[PDB]
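Report on the structure given below.
Chains as they are written, first to last, in the numbering used here: chain S, 22 to 117; chain R, 2 to 328; chain H, 2 to 23; chain F, 26 to 74; chain Y, 992 to 1243.
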């Protein structure tokens, strides 16, 4: 092959079964998808003797909500608050 | 259309004659999305809008079957404290039809918000009420401080701390029996190796974060092989006659035009087909009307031309279509 | 001695012109 | 195929599972089209003689 | 209640023959002036249906459900008030009961305690069932008005019903037309579809009573109970979409 694009990301073991083309889930809709013509492999390793913490590790983050379904091979860098209604958020959480 | 002859025959030299190239088709423009009436509403006011309540073991289910429940005005308003569930989005519940809908009302402490989860263990969820692992629904908390609260506490309803064993989901235990830790019999009262599980509510709006009354409604959703009698509402569009459009119905998806049908129909019938099993007639879901489904206007295109070394002049033949129907 | 995408081609020589050959 | 409607395959089944069930409906209708062109060539030879 | 009357006795199984009747709409699809072939559970042409009579006798044997139910009755004053649909015929399981008081037809699946010969006077439960508990299901029909009094003249009420259970679904095919044998051909129409999802292995019937234990006097009616069989019919459709003729695939 010509080149390869490695995608490094950390997903917990309850949600780790959603990585496959054509799934439906929290990560599988609003975060990470695969196309039907995708060519490659998925390789994971158990990090629980290294990356874990007793009080919990809040440094790694994830995003649940999006207004629509995200296209694959696209990163979401947006800090914009999800707005359900007509109330402006002004950067913070609140009504709608 | 002289170049349509060269693409089909795969040659740059067109011989003298008549050659068939492609077929003319009028493309559809708009789209019609239909959904039936919101009539026969369902009493969802016995959980969300209800004044009274019960305790965490005293919870009474509300049977929701064969009715149309409106959740769509609540998701666009949302005065909700915290909603958390797993795998099923609460905003996707509005367009889905669910067979068995159960709903209850119970008020929990503010430290018990994390004690309501699918697969939750502890001294709260295991001894009173917890969510099963196969539960497909979602739970919505609501702030009880403006209605259900009381000054200095609530002494009318009490909650149970302890139980002798672990309690399954879909269980209602109203029993007053005392937890027995040791071999000493408690005889209904506290004593040696006996803990008293019954505690009064601390609920007042002027106290802190760790205890507040919260109205918690668990929506139990079950999909069986029986068809669903409970559906949520969906916004629809208007009806366009005598124009080429796409069809989006409840049980039908197609492309065609809508004309007036003179055929008689059955009152229990949505759609009906012909010899090719293609739907030529459909009932409107909102009102009683029959519409004849006809496909959009098509025809074959034949190109009449001389040779390429003679002339570039193009004569276009439209087969089966009259000259008034060409625009 | 109804259009699903199948059409009938018309004939070239009409039946009135067959009887003028007759 | 399970259903003979192409709209019922695409709106329900997965798109890796849709390409099996649609291509059975394309191939089976071309075998009826291969039957129809071949029987008209036999009747063209009988009407030629 | 537990004592059988004079009308309950051992009688022979005298049978009649049906020829045209027993054809319903197998689907909801309107088809006009075309030929159609389908396979569903149908009443067979040239069969033996078992004829029953009520006048010093009343006929209610306990009949198994598993071949299917074809009901047809020729009446005046509407003697048959409903049916009993169950399995083990006791309070251990849920059973279906149809109660017609000629205002609103009461359709309930609940746990009832069945006697041998249930009676209906108003209505009387018990002798139909003494006690009832443990059911979440209640269903009502569309309201109407009928007369339970006796009429003169010819036989003006012919009710032809097909009752079947396919994969836990209960359907009622209802046709009423004016008319001890029926003649002519007609097409049945569907009425009530309830996804109940219970096992029904046996069925019984109900009886209306009039009085001017043994003091109640049953009416005069005649009916028969047919069975179904997986067979293929050809249906003749007119321009209005009704079945005027039916041809069996394999008979003759």
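Here a beta-carbon is modelled for each residue, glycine too, at the ideal position from N, C-alpha and C.
In the three-state scheme derived from DSSP, where H, G and I count as helix and E and B as strand, residue 1131/Y is classed as strand. When rounded, the separation of the alpha-carbon atoms in residue 219/R and residue 185/R is 38 Å. Contact between the region 199 to 219 of chain R and the region 144 to 164 of chain R is present: three or more C-beta pairs spanning the two stretches fall below 8 Å.
Assignment of beta strand (DSSP E) within the region 168 to 226 of chain R, counting only whole runs of 3 or more residues, yields 199 to 202, 215 to 223 in chain order.
Residues of chain R whose Cβ lies closer than 9 Å to the Cβ of residue 1022/Y are, in chain order, 273, 274, 275, 276. In this structure, the alpha-carbon of residue 1083/Y lies about 42 Å from that of residue 1142/Y. Taking C-beta atoms under 8 Å as the contact rule, residue 1105/Y and residue 1080/Y qualify, at a distance of about 5 Å. When Cβ-Cβ separations below 7 Å define contact, residue 265/R makes contact with chain Y.
Straight-line spacing of the CA atoms in residue 95/S and residue 102/S works out to 19 Å. Of all alpha-carbon atoms in 1192/Y, 1032/Y, 1213/Y, 1198/Y, the one lying nearest the alpha-carbon of residue 1207/Y is that of 1198/Y. With respect to the 7 Å criterion, residue 1225/Y and residue 1032/Y are not classified as neighbours on the basis of their beta carbons. Taking residue 1154/Y as the centre and dropping the five residues before and after it, the same chain places the C-beta of 1060 closer than 6 Å to its C-beta, in chain order.
Listed along the chain, the chain F residues whose CB falls inside 9 Å of the CB of residue 235/R amount to none; the nearest CB is some 16 Å away. At the C-beta level, residue 48/R and residue 129/R stay beyond 7 Å of one another.
A distance below 6 Å between beta-carbons, with the five flanking residues on each side excluded, links residue 317/R to the following residues of its chain, in chain order: 2. Annotation for residue 1093/Y: 1069, 1135, 1136, 1137, 1138, 1139 place their beta carbon closer than 8 Å to its own, counting only its chain and skipping 5 residues before and after. Taking residue 211/R as the centre and dropping the five residues before and after it, the same chain places the C-beta of 111, 112 closer than 6 Å to its C-beta, in chain order.
Those residues of the region 244 to 255 of chain R placed with their C-beta closer than 8 Å to a C-beta in chain F are 254, 255, ordered along the chain.
As the crow flies, the alpha-carbon of residue 1089/Y is around 47 Å from that of residue 80/R. If the five residues before and after residue 1169/Y are omitted, its C-beta is found closer than 6 Å to the C-beta atoms of 1147, all from its own chain and listed in chain order.
Note that the C-beta distance between residue 1194/Y and residue 1021/Y is not below 7 Å. Only those residues of the region 103 to 125 of chain R whose C-beta falls short of 9 Å from the nearest C-beta of chain S would be listed, and there are none. Between residue 57/S and chain F, the shortest Cβ-Cβ separation is below 7 Å.
Cα atoms of residue 231/R and residue 125/R: separation of roughly 32 Å, rounded to the nearest angstrom. Taking the C-beta atoms as reference points, residue 83/R is found nearer than 7 Å to residue 142/R. Per DSSP, the continuous alpha helix (DSSP H) segment holding residue 8/R begins and ends at 3 to 10.
For residue 35/F, there is no enclosing beta strand (DSSP E); the residue is part of the alpha helix (DSSP H) that begins and ends at 31 to 35.
A contact is defined here as three or more CB-CB pairs under 8 Å, and the region 1117 to 1133 of chain Y fails this definition with respect to the region 1158 to 1165 of chain Y. By the criterion of a C-beta distance shorter than 8 Å, residue 31/R is surrounded in its chain by 241, 244, 246, 247, once the five residues flanking it on both sides are discounted.
The three-state reading of DSSP puts residue 30/R in coil, since its state is none of H, G, I, E or B.
Taking residue 1048/Y as the centre and dropping the five residues before and after it, the same chain places the C-beta of 998, 1000, 1002 closer than 8 Å to its C-beta, in chain order. The Cβ of residue 70/R sits no closer than 7 Å to any Cβ of chain Y.
Going by DSSP, residue 41/F is part of the alpha helix (DSSP H) stretching over 40 to 73. For residue 3/H, the closest of 13/R, 68/R, 165/R, 281/R by C-alpha to C-alpha distance is 281/R. Short of 6 Å from the beta carbon of residue 1214/Y, and not among the five residues preceding or following it, lie these beta carbons of its own chain, in chain order: 1043, 1064. It is roughly 23 Å from the alpha-carbon of residue 224/R to the alpha-carbon of residue 38/R.
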